[PDB]
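Numbering (the authors' numbering), first residue to last: 1 to 53.
Ideal Cβ positions, reconstructed from N, Cα and C, are used throughout, including at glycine.
Structure, as structure tokens:
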């Protein structure tokens with residue numbers, strides 16, 4: 001039982017506060033859904049800190 005996988009939950013609760021940080025790229029926001037859990041969504045955001053910029 002791992003339907004939680006699909007995710008699609010932290011991508012909006014996180015994008016709603018990251019779009020203000022300035023990062024407006026779509027390569028990170030779109031990949032925010034591929035995340036597995038909330039730790040994977042917020043985790044990808046921490047990657048833009050280095051992977052990007």
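Is the distance from the Cβ of residue i to the Cβ of residue j below 7 Å?
i          : j          : result
residue 33 : residue 19 : no
residue 27 : residue 15 : no
residue 23 : residue 2  : no
Secondary structure at residue i, three-state DSSP: helix, strand or coil?
i          : result
residue 34 : helix
Using 10 angstroms around the beta-carbon of residue i, count the other beta-carbons present and answer buried if the total reaches 16, otherwise exposed.
i          : result
residue 44 : buried
residue 53 : exposed
residue 51 : exposed
Which residues in the same chain have their Cβ closer than 6 Å to the Cβ of residue i, if we skip the five residues on either side of it in sequence?
i          : result
residue 35 : 7, 41, 44
residue 38 : 10
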